[PDB]
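*Asks:* Contents are mmCIF, N, CA and C atoms and all ligand atoms; file name run_28.cif:
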```cif
data_protein
#
loop_
_atom_site.label_atom_id
_atom_site.label_comp_id
_atom_site.auth_asym_id
_atom_site.auth_seq_id
_atom_site.Cartn_x
_atom_site.Cartn_y
_atom_site.Cartn_z
N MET J 1 24.60 -278.91 70.10
CA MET J 1 23.89 -278.44 71.33
C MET J 1 24.70 -277.34 71.99
N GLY J 2 24.01 -276.30 72.46
CA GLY J 2 24.67 -275.15 73.04
C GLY J 2 25.19 -274.19 71.99
N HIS J 3 25.92 -273.18 72.46
CA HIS J 3 26.23 -272.01 71.64
C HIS J 3 27.55 -272.04 70.91
N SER J 4 28.45 -272.95 71.26
CA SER J 4 29.84 -272.83 70.80
C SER J 4 30.03 -272.98 69.29
N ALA J 5 29.20 -273.79 68.63
CA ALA J 5 29.36 -274.01 67.20
C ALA J 5 29.09 -272.73 66.40
N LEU J 6 28.15 -271.92 66.89
CA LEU J 6 27.76 -270.68 66.20
C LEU J 6 28.45 -269.46 66.78
N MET J 7 28.57 -269.41 68.10
CA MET J 7 29.20 -268.29 68.79
C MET J 7 30.68 -268.57 69.03
N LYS J 8 31.45 -268.41 67.96
CA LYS J 8 32.89 -268.60 67.99
C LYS J 8 33.55 -267.70 66.97
N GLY J 9 34.83 -267.43 67.17
CA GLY J 9 35.63 -266.70 66.21
C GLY J 9 37.10 -266.83 66.50
N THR J 10 37.92 -266.26 65.63
CA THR J 10 39.36 -266.36 65.77
C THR J 10 39.86 -265.17 66.59
N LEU J 11 40.94 -265.40 67.32
CA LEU J 11 41.68 -264.33 67.93
C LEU J 11 43.14 -264.53 67.56
N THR J 12 43.76 -263.45 67.11
CA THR J 12 45.09 -263.49 66.51
C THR J 12 45.94 -262.36 67.09
N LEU J 13 47.16 -262.69 67.51
CA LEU J 13 48.15 -261.69 67.93
C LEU J 13 48.92 -261.26 66.69
N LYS J 14 48.90 -259.96 66.39
CA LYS J 14 49.52 -259.39 65.18
C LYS J 14 50.26 -258.13 65.55
N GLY J 15 51.26 -257.77 64.75
CA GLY J 15 51.81 -256.42 64.80
C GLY J 15 50.94 -255.53 63.92
N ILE J 16 49.95 -254.86 64.52
CA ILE J 16 49.10 -253.92 63.76
C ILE J 16 49.94 -252.67 63.48
N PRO J 17 50.04 -252.23 62.21
CA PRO J 17 50.86 -251.04 61.97
C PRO J 17 50.40 -249.86 62.81
N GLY J 18 51.34 -249.23 63.52
CA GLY J 18 51.04 -248.07 64.35
C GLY J 18 50.45 -248.36 65.72
N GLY J 19 50.31 -249.63 66.08
CA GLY J 19 49.70 -249.95 67.35
C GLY J 19 48.21 -250.02 67.16
N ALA J 20 47.54 -250.38 68.24
CA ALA J 20 46.10 -250.26 68.29
C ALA J 20 45.67 -250.09 69.74
N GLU J 21 44.46 -249.58 69.93
CA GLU J 21 43.84 -249.60 71.25
C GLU J 21 43.67 -251.06 71.71
N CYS J 22 43.71 -251.26 73.02
CA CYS J 22 43.86 -252.59 73.59
C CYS J 22 42.57 -253.17 74.18
N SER J 23 41.46 -253.01 73.46
CA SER J 23 40.21 -253.62 73.89
C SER J 23 39.31 -253.85 72.72
N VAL J 24 38.26 -254.63 72.97
CA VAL J 24 37.21 -254.88 72.00
C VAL J 24 35.89 -254.93 72.76
N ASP J 25 34.85 -254.37 72.16
CA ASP J 25 33.48 -254.46 72.66
C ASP J 25 32.77 -255.51 71.84
N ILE J 26 32.16 -256.49 72.50
CA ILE J 26 31.48 -257.59 71.84
C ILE J 26 30.14 -257.84 72.51
N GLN J 27 29.15 -258.24 71.72
CA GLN J 27 27.83 -258.57 72.23
C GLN J 27 27.40 -259.97 71.82
N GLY J 28 26.66 -260.63 72.69
CA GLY J 28 25.89 -261.82 72.33
C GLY J 28 24.43 -261.52 72.49
N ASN J 29 23.61 -261.88 71.51
CA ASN J 29 22.20 -261.46 71.46
C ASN J 29 21.21 -262.61 71.72
N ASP J 30 19.92 -262.35 71.48
CA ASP J 30 18.87 -263.36 71.69
C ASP J 30 18.78 -264.41 70.58
N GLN J 31 19.58 -264.26 69.52
CA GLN J 31 19.60 -265.14 68.35
C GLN J 31 20.88 -266.00 68.30
N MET J 32 21.58 -266.17 69.43
CA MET J 32 22.79 -267.00 69.50
C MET J 32 23.88 -266.51 68.55
N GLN J 33 24.06 -265.18 68.49
CA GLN J 33 25.11 -264.56 67.69
C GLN J 33 26.00 -263.66 68.52
N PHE J 34 27.31 -263.79 68.28
CA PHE J 34 28.26 -262.72 68.59
C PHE J 34 28.25 -261.73 67.41
N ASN J 35 28.60 -260.48 67.68
CA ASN J 35 28.64 -259.44 66.63
C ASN J 35 30.02 -259.27 65.94
N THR J 36 30.92 -260.23 66.15
CA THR J 36 32.15 -260.37 65.35
C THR J 36 32.58 -261.83 65.38
N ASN J 37 33.30 -262.29 64.35
CA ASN J 37 33.91 -263.62 64.36
C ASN J 37 35.43 -263.56 64.21
N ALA J 38 36.03 -262.38 64.37
CA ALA J 38 37.49 -262.26 64.28
C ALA J 38 37.97 -261.04 65.04
N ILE J 39 38.84 -261.29 66.01
CA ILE J 39 39.45 -260.26 66.86
C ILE J 39 40.96 -260.29 66.61
N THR J 40 41.55 -259.10 66.48
CA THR J 40 43.00 -258.95 66.40
C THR J 40 43.49 -258.20 67.63
N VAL J 41 44.55 -258.72 68.25
CA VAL J 41 45.22 -258.07 69.38
C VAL J 41 46.59 -257.60 68.89
N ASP J 42 46.89 -256.32 69.08
CA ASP J 42 48.22 -255.80 68.75
C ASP J 42 49.32 -256.30 69.68
N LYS J 43 50.46 -256.72 69.11
CA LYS J 43 51.69 -257.12 69.84
C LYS J 43 52.13 -256.22 70.98
N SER J 44 51.99 -254.91 70.77
CA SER J 44 52.48 -253.92 71.72
C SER J 44 51.52 -253.65 72.87
N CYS J 45 50.30 -254.19 72.80
CA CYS J 45 49.41 -254.18 73.95
C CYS J 45 49.99 -255.06 75.04
N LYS J 46 50.05 -254.52 76.26
CA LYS J 46 50.51 -255.29 77.42
C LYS J 46 49.37 -256.09 78.01
N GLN J 47 48.20 -255.46 78.10
CA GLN J 47 46.94 -256.12 78.45
C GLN J 47 45.94 -255.91 77.34
N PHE J 48 44.98 -256.82 77.25
CA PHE J 48 43.85 -256.69 76.36
C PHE J 48 42.56 -256.92 77.14
N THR J 49 41.54 -256.11 76.85
CA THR J 49 40.27 -256.14 77.56
C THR J 49 39.12 -256.45 76.61
N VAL J 50 38.29 -257.41 77.00
CA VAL J 50 37.08 -257.73 76.27
C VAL J 50 35.89 -257.27 77.11
N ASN J 51 35.05 -256.41 76.54
CA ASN J 51 33.84 -255.93 77.19
C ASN J 51 32.64 -256.60 76.56
N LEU J 52 32.09 -257.59 77.25
CA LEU J 52 30.94 -258.36 76.75
C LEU J 52 29.65 -257.78 77.28
N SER J 53 28.66 -257.68 76.42
CA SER J 53 27.30 -257.35 76.86
C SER J 53 26.26 -258.21 76.17
N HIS J 54 25.06 -258.19 76.73
CA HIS J 54 23.93 -259.00 76.27
C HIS J 54 22.74 -258.06 76.11
N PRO J 55 22.48 -257.59 74.87
CA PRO J 55 21.26 -256.83 74.60
C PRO J 55 20.06 -257.78 74.48
N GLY J 56 18.87 -257.25 74.21
CA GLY J 56 17.69 -258.11 74.13
C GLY J 56 17.17 -258.50 75.51
N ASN J 57 16.38 -259.57 75.57
CA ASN J 57 15.47 -259.83 76.70
C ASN J 57 15.52 -261.20 77.38
N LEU J 58 16.30 -262.14 76.85
CA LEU J 58 16.21 -263.53 77.33
C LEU J 58 17.14 -263.75 78.51
N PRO J 59 16.69 -264.51 79.52
CA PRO J 59 17.50 -264.72 80.71
C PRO J 59 18.66 -265.69 80.48
N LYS J 60 19.57 -265.71 81.45
CA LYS J 60 20.83 -266.46 81.42
C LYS J 60 20.66 -267.98 81.26
N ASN J 61 19.60 -268.54 81.85
CA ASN J 61 19.38 -269.98 81.77
C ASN J 61 18.80 -270.45 80.43
N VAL J 62 18.32 -269.51 79.61
CA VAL J 62 17.78 -269.77 78.26
C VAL J 62 18.76 -269.37 77.14
N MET J 63 19.44 -268.24 77.33
CA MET J 63 20.26 -267.62 76.29
C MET J 63 21.45 -266.92 76.93
N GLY J 64 22.11 -267.62 77.86
CA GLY J 64 23.27 -267.09 78.53
C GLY J 64 24.48 -267.12 77.63
N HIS J 65 25.34 -266.12 77.80
CA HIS J 65 26.58 -266.02 77.03
C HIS J 65 27.76 -265.73 77.91
N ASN J 66 28.89 -266.35 77.58
CA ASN J 66 30.17 -265.92 78.10
C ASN J 66 31.10 -265.71 76.92
N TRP J 67 32.30 -265.24 77.21
CA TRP J 67 33.35 -265.10 76.21
C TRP J 67 34.57 -265.80 76.80
N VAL J 68 35.01 -266.85 76.10
CA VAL J 68 36.06 -267.76 76.56
C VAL J 68 37.14 -267.83 75.48
N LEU J 69 38.39 -267.72 75.91
CA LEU J 69 39.53 -267.74 75.02
C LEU J 69 40.42 -268.96 75.31
N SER J 70 40.76 -269.69 74.25
CA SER J 70 41.68 -270.83 74.34
C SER J 70 42.45 -270.95 73.03
N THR J 71 43.42 -271.86 72.97
CA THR J 71 43.98 -272.22 71.69
C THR J 71 42.87 -272.91 70.89
N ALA J 72 43.00 -272.89 69.58
CA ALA J 72 42.05 -273.58 68.72
C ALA J 72 42.07 -275.07 68.99
N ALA J 73 43.25 -275.64 69.25
CA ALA J 73 43.37 -277.07 69.54
C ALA J 73 42.64 -277.48 70.81
N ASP J 74 42.64 -276.59 71.81
CA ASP J 74 41.96 -276.81 73.09
C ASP J 74 40.47 -276.48 73.13
N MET J 75 39.94 -275.78 72.14
CA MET J 75 38.54 -275.33 72.22
C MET J 75 37.55 -276.47 72.49
N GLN J 76 37.64 -277.55 71.71
CA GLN J 76 36.68 -278.65 71.84
C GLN J 76 36.65 -279.21 73.27
N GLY J 77 37.83 -279.38 73.86
CA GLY J 77 37.95 -279.89 75.24
C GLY J 77 37.32 -278.98 76.27
N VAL J 78 37.55 -277.68 76.12
CA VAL J 78 37.00 -276.67 77.03
C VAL J 78 35.48 -276.67 76.92
N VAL J 79 34.97 -276.69 75.69
CA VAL J 79 33.52 -276.70 75.45
C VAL J 79 32.87 -277.94 76.06
N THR J 80 33.41 -279.11 75.74
CA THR J 80 32.90 -280.38 76.24
C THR J 80 32.84 -280.36 77.77
N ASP J 81 33.97 -280.03 78.40
CA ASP J 81 34.06 -280.04 79.86
C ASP J 81 33.25 -278.92 80.51
N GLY J 82 33.16 -277.79 79.82
CA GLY J 82 32.33 -276.69 80.27
C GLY J 82 30.85 -277.02 80.25
N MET J 83 30.37 -277.59 79.15
CA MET J 83 28.98 -278.06 79.05
C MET J 83 28.62 -279.04 80.17
N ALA J 84 29.51 -280.00 80.43
CA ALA J 84 29.31 -280.96 81.51
C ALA J 84 29.30 -280.34 82.91
N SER J 85 30.05 -279.25 83.09
CA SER J 85 30.12 -278.57 84.39
C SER J 85 28.82 -277.87 84.77
N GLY J 86 28.02 -277.52 83.77
CA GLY J 86 26.65 -277.06 83.99
C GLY J 86 26.50 -275.56 84.22
N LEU J 87 25.24 -275.14 84.25
CA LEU J 87 24.84 -273.74 84.39
C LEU J 87 25.42 -273.07 85.64
N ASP J 88 25.29 -273.71 86.79
CA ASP J 88 25.78 -273.09 88.04
C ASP J 88 27.33 -272.92 88.12
N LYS J 89 28.09 -273.54 87.21
CA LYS J 89 29.53 -273.26 87.04
C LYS J 89 29.83 -272.38 85.80
N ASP J 90 28.82 -271.67 85.30
CA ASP J 90 28.92 -270.83 84.10
C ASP J 90 29.41 -271.59 82.85
N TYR J 91 29.07 -272.87 82.79
CA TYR J 91 29.48 -273.75 81.70
C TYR J 91 30.99 -273.75 81.46
N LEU J 92 31.75 -273.72 82.56
CA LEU J 92 33.21 -273.84 82.51
C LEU J 92 33.69 -274.80 83.59
N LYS J 93 34.64 -275.66 83.24
CA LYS J 93 35.32 -276.49 84.22
C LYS J 93 36.12 -275.55 85.12
N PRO J 94 35.88 -275.59 86.45
CA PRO J 94 36.63 -274.68 87.33
C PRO J 94 38.15 -274.85 87.20
N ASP J 95 38.86 -273.73 87.07
CA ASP J 95 40.33 -273.71 87.02
C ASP J 95 40.92 -274.41 85.79
N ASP J 96 40.12 -274.56 84.73
CA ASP J 96 40.55 -275.22 83.50
C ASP J 96 41.86 -274.58 82.99
N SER J 97 42.91 -275.39 82.91
CA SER J 97 44.23 -274.91 82.48
C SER J 97 44.28 -274.40 81.03
N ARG J 98 43.29 -274.79 80.23
CA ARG J 98 43.23 -274.44 78.81
C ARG J 98 42.57 -273.09 78.55
N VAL J 99 41.92 -272.52 79.56
CA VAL J 99 41.22 -271.25 79.40
C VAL J 99 42.19 -270.12 79.72
N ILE J 100 42.52 -269.37 78.68
CA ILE J 100 43.47 -268.29 78.78
C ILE J 100 42.81 -267.13 79.53
N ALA J 101 41.55 -266.86 79.21
CA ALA J 101 40.78 -265.81 79.84
C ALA J 101 39.31 -266.07 79.62
N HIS J 102 38.47 -265.57 80.52
CA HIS J 102 37.03 -265.72 80.37
C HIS J 102 36.26 -264.68 81.13
N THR J 103 35.08 -264.36 80.61
CA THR J 103 34.08 -263.60 81.37
C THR J 103 33.22 -264.57 82.15
N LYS J 104 32.31 -264.03 82.96
CA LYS J 104 31.23 -264.82 83.53
C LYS J 104 30.12 -265.01 82.49
N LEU J 105 29.19 -265.89 82.82
CA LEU J 105 28.00 -266.11 82.00
C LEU J 105 27.00 -265.03 82.36
N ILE J 106 26.45 -264.37 81.33
CA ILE J 106 25.53 -263.25 81.51
C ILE J 106 24.23 -263.47 80.73
N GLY J 107 23.14 -262.96 81.30
CA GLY J 107 21.85 -262.91 80.62
C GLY J 107 21.55 -261.50 80.17
N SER J 108 20.34 -261.31 79.65
CA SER J 108 19.89 -260.01 79.14
C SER J 108 20.11 -258.88 80.16
N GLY J 109 20.59 -257.74 79.67
CA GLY J 109 20.79 -256.55 80.48
C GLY J 109 22.09 -256.49 81.27
N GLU J 110 22.87 -257.56 81.22
CA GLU J 110 24.10 -257.67 82.01
C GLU J 110 25.32 -257.38 81.15
N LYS J 111 26.43 -257.11 81.82
CA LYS J 111 27.70 -256.80 81.19
C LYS J 111 28.77 -257.45 82.02
N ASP J 112 29.87 -257.83 81.38
CA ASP J 112 31.05 -258.25 82.11
C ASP J 112 32.28 -257.98 81.28
N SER J 113 33.37 -257.60 81.94
CA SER J 113 34.65 -257.39 81.26
C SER J 113 35.71 -258.37 81.78
N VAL J 114 36.61 -258.77 80.89
CA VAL J 114 37.81 -259.52 81.27
C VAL J 114 39.03 -258.88 80.61
N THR J 115 40.05 -258.67 81.43
CA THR J 115 41.34 -258.20 80.98
C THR J 115 42.36 -259.32 81.18
N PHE J 116 43.25 -259.52 80.20
CA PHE J 116 44.31 -260.51 80.32
C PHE J 116 45.63 -259.99 79.78
N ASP J 117 46.68 -260.68 80.22
CA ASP J 117 48.04 -260.35 79.89
C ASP J 117 48.32 -260.87 78.48
N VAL J 118 48.71 -259.97 77.59
CA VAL J 118 49.00 -260.32 76.19
C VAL J 118 50.25 -261.20 76.06
N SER J 119 51.12 -261.19 77.08
CA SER J 119 52.27 -262.12 77.11
C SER J 119 51.87 -263.61 77.16
N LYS J 120 50.61 -263.89 77.54
CA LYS J 120 50.04 -265.24 77.44
C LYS J 120 49.74 -265.70 76.01
N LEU J 121 49.78 -264.78 75.04
CA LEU J 121 49.61 -265.10 73.63
C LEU J 121 50.95 -265.10 72.91
N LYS J 122 50.96 -265.74 71.74
CA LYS J 122 52.14 -265.88 70.91
C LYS J 122 51.72 -265.65 69.45
N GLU J 123 52.54 -264.89 68.72
CA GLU J 123 52.40 -264.73 67.28
C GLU J 123 52.56 -266.10 66.62
N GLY J 124 51.69 -266.40 65.64
CA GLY J 124 51.69 -267.72 64.99
C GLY J 124 50.68 -268.72 65.54
N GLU J 125 50.34 -268.62 66.83
CA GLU J 125 49.36 -269.54 67.42
C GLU J 125 47.95 -269.17 66.95
N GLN J 126 47.08 -270.18 66.82
CA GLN J 126 45.67 -269.96 66.54
C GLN J 126 44.93 -269.97 67.86
N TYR J 127 44.24 -268.88 68.15
CA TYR J 127 43.32 -268.83 69.29
C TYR J 127 41.88 -268.73 68.78
N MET J 128 40.97 -269.25 69.58
CA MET J 128 39.55 -269.11 69.37
C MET J 128 38.91 -268.49 70.59
N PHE J 129 37.94 -267.61 70.34
CA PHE J 129 36.99 -267.20 71.37
C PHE J 129 35.65 -267.84 71.08
N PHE J 130 34.86 -268.06 72.13
CA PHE J 130 33.61 -268.79 72.01
C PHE J 130 32.79 -268.66 73.27
N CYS J 131 31.50 -268.93 73.11
CA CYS J 131 30.58 -269.08 74.22
C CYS J 131 30.44 -270.57 74.48
N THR J 132 30.54 -270.98 75.74
CA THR J 132 30.43 -272.41 76.07
C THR J 132 29.02 -272.82 76.47
N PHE J 133 28.04 -271.91 76.42
CA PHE J 133 26.70 -272.19 76.94
C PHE J 133 26.13 -273.30 76.19
CA CA F 201 34.70 -261.42 84.96
CL CL F 202 21.06 -274.44 72.62
CU CU F 203 26.03 -268.04 74.45
NA NA F 204 51.47 -252.28 66.64
NA NA F 205 39.13 -251.40 70.11
#
```
Just give me the structure of the file as structure tokens.
*Replies:*
Amino acid sequence: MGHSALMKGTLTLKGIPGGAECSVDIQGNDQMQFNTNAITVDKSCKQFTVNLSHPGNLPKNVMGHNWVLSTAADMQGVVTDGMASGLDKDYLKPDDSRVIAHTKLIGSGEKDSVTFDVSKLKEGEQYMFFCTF
């Protein structure tokens, strides 16, 4: 139930040869899909920015999407507690210690960005991004 089983992917801190730009553009659509399942963040990025958008036509209460980052070990807990927190809390437990970064929940035609400190990540750790809707 909800989007997290399908709308998820890995996020990995790596030394990308030569550096990389410090953002990613990601979309969630009307078919419960993100347009990537693997994001790499370069070590030398001080901040990283995720720009989420929602193309198509369905409203937030039917096909709402957020982008939520946690350790892979913490994902299930965040999803469970987020689902229980409900639509009016953007399907996130308020102040959840396990959420490294998150956007708001968006419907069709909306956009949201989140920037976070890359020092909150560690090489070797498994991170997941996901929608908790
Ligand atoms: Ca935001
Ligand atoms: Cl659903
Ligand atoms: Cu979603
Ligand atoms: Na690099
Ligand atoms: Na980029």
*Asks:* If you run DSSP over the backbone, which residues in range 55-130 of chain J end up strand (DSSP E)? Put them as a PyMOL selection string.
*Replies:* chain J and resi 68-71+101-102+111-117+127-130
*Asks:* Residues near range 91-98 of chain J, anyone? I mean within 12 Å using only C-alpha atoms, not counting same-chain ones fewer than 4 positions away, as number ranges by chain.
*Replies:* J: 2-4, 60-61, 64-87, 102-106, 120, 127-128, 130-133
*Asks:* If you count only C-alpha atoms, which residues fall within 8 Å of range 52-59 of chain J, apart from same-chain ones fewer than 4 positions away, as a list in words?
*Replies:*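 Close residues of range 52-59 of chain J: residues 25, 26, 27, 28, 29, 30, 63, 64, 65, 66, 67, 103, 106, 107, 108, 109, 110, 111, 112 and 113 of chain J.
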*Asks:* Could you pull out all residues of chain J with a DSSP call of helix (DSSP H, G or I) and give them as a list in words?
*Replies:*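 Helix (DSSP H, G or I) members of chain J, listed: residues 60, 61, 62, 63, 72, 73, 74, 75, 76, 77, 78, 79, 80, 81, 82, 83, 84, 85, 87, 88, 89, 118, 119 and 120 of chain J.
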*Asks:* Using Å and a single decimal, report how far CA of residue 18 in chain J sits from CA of residue 34 in chain J.
*Replies:*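 Separation between CA of residue 34 in chain J and CA of residue 18 in chain J: 27.4 Å.
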*Asks:* Within 7 Å of ligand NA 205 (chain F) (counting only C-alpha atoms and all ligand atoms), which residues show up? I'd like them as a compact mmCIF listing (two decimals) with N, CA and C atoms, in the coordinates of the input.
*Replies:*
```
# COMPACT_ATOMS: atom_id res chain seq x y z
N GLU J 21 44.46 -249.58 69.93
CA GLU J 21 43.84 -249.60 71.25
C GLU J 21 43.67 -251.06 71.71
N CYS J 22 43.71 -251.26 73.02
CA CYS J 22 43.86 -252.59 73.59
C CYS J 22 42.57 -253.17 74.18
N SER J 23 41.46 -253.01 73.46
CA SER J 23 40.21 -253.62 73.89
C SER J 23 39.31 -253.85 72.72
N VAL J 24 38.26 -254.63 72.97
CA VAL J 24 37.21 -254.88 72.00
C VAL J 24 35.89 -254.93 72.76
N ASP J 25 34.85 -254.37 72.16
CA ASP J 25 33.48 -254.46 72.66
C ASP J 25 32.77 -255.51 71.84
```
*Asks:* Restricting the calculation to only C-alpha atoms and all ligand atoms, which member of J:40, J:90, J:17, J:46 is positioned closest to ligand CU 203 (chain F)?
*Replies:*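 Looking only at the distances to ligand CU 203 (chain F), the closest residue turns out to be J:90.
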*Asks:* Report the distance between atom CA of ligand CA 201 (chain F) and CA of residue 6 in chain J in Å, rounded to one decimal place.
*Replies:*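 Atom-to-atom, atom CA of ligand CA 201 (chain F) and CA of residue 6 in chain J are spaced 22.0 Å apart.
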*Asks:* Just checking: using all atoms listed in the file, which residue out of J:19, J:129, J:121, J:115 ends up closest to ligand CA 201 (chain F)?
*Replies:*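 That would be J:115, the residue with the smallest distance to ligand CA 201 (chain F).
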*Asks:* Can you work out which residues are within 8 Å of ligand NA 204 (chain F), considering all atoms listed in the file, and then hand them over as a VMD selection string?
*Replies:* chain J and resid 14 to 20 41 to 45
*Asks:* Please extract range 32-110 of chain J and write it out with C-alpha atoms, as a tab-separated table (two decimals), in the first residue's frame.
*Replies:*
```tsv
chain	number	residue	atom	x	y	z
J	32	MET	CA	3.68	5.84	-9.37
J	33	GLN	CA	7.17	6.08	-10.91
J	34	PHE	CA	10.28	8.05	-10.16
J	35	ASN	CA	12.42	8.65	-13.29
J	36	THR	CA	15.58	7.20	-11.64
J	37	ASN	CA	16.31	4.43	-9.11
J	38	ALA	CA	19.94	5.36	-8.35
J	39	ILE	CA	21.51	8.69	-7.37
J	40	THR	CA	25.22	9.30	-6.80
J	41	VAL	CA	26.49	12.23	-4.71
J	42	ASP	CA	30.12	13.30	-5.16
J	43	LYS	CA	32.33	13.43	-1.98
J	44	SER	CA	33.53	16.95	-2.77
J	45	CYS	CA	30.01	18.38	-2.87
J	46	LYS	CA	29.43	20.39	0.32
J	47	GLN	CA	25.66	20.53	-0.28
J	48	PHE	CA	23.46	18.44	-2.52
J	49	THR	CA	20.12	19.58	-3.97
J	50	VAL	CA	17.20	17.47	-5.14
J	51	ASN	CA	14.70	19.21	-7.42
J	52	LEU	CA	11.45	17.22	-7.41
J	53	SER	CA	8.59	17.81	-9.80
J	54	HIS	CA	5.25	16.19	-10.62
J	55	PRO	CA	4.24	16.19	-14.30
J	56	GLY	CA	0.81	14.89	-15.41
J	57	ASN	CA	-2.58	15.69	-13.90
J	58	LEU	CA	-3.45	13.84	-10.67
J	59	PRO	CA	-3.87	15.73	-7.39
J	60	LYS	CA	-1.80	15.29	-4.20
J	61	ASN	CA	-4.43	13.26	-2.29
J	62	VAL	CA	-4.59	10.63	-5.12
J	63	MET	CA	-1.01	10.58	-6.47
J	64	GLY	CA	1.07	12.75	-4.15
J	65	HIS	CA	4.84	12.39	-4.11
J	66	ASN	CA	7.66	13.41	-1.85
J	67	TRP	CA	11.36	12.59	-1.91
J	68	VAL	CA	12.67	11.27	1.41
J	69	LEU	CA	16.23	10.22	2.24
J	70	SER	CA	17.24	7.80	5.03
J	71	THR	CA	19.64	4.96	5.65
J	72	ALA	CA	18.46	1.73	4.02
J	73	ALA	CA	18.11	0.19	7.51
J	74	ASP	CA	15.79	3.04	8.58
J	75	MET	CA	13.61	3.19	5.44
J	76	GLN	CA	10.94	0.72	6.61
J	77	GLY	CA	10.49	2.59	9.92
J	78	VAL	CA	10.20	5.98	8.23
J	79	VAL	CA	7.66	4.63	5.71
J	80	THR	CA	5.56	2.87	8.36
J	81	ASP	CA	5.49	5.92	10.66
J	82	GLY	CA	5.02	8.30	7.75
J	83	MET	CA	2.01	6.37	6.41
J	84	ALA	CA	0.46	6.43	9.89
J	85	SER	CA	1.05	10.20	10.21
J	86	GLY	CA	-1.31	10.73	7.28
J	87	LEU	CA	-1.86	13.09	4.35
J	88	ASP	CA	-2.02	16.34	6.35
J	89	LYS	CA	1.54	15.60	7.73
J	90	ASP	CA	2.84	14.86	4.17
J	91	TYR	CA	3.09	11.17	5.13
J	92	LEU	CA	6.05	11.88	7.44
J	93	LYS	CA	6.40	11.58	11.21
J	94	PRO	CA	7.14	15.17	12.30
J	95	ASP	CA	10.83	15.68	13.25
J	96	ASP	CA	11.66	12.02	12.48
J	97	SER	CA	15.33	11.56	13.49
J	98	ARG	CA	15.83	9.00	10.68
J	99	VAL	CA	15.01	11.42	7.85
J	100	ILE	CA	18.23	12.90	6.56
J	101	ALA	CA	16.40	15.21	4.14
J	102	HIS	CA	12.98	15.53	2.56
J	103	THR	CA	10.81	17.55	0.22
J	104	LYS	CA	7.16	18.33	0.85
J	105	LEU	CA	4.39	16.22	-0.65
J	106	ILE	CA	3.41	17.57	-4.08
J	107	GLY	CA	0.61	16.97	-6.58
J	108	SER	CA	0.40	17.61	-10.32
J	109	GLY	CA	1.97	20.88	-11.52
J	110	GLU	CA	3.96	21.46	-8.32
```
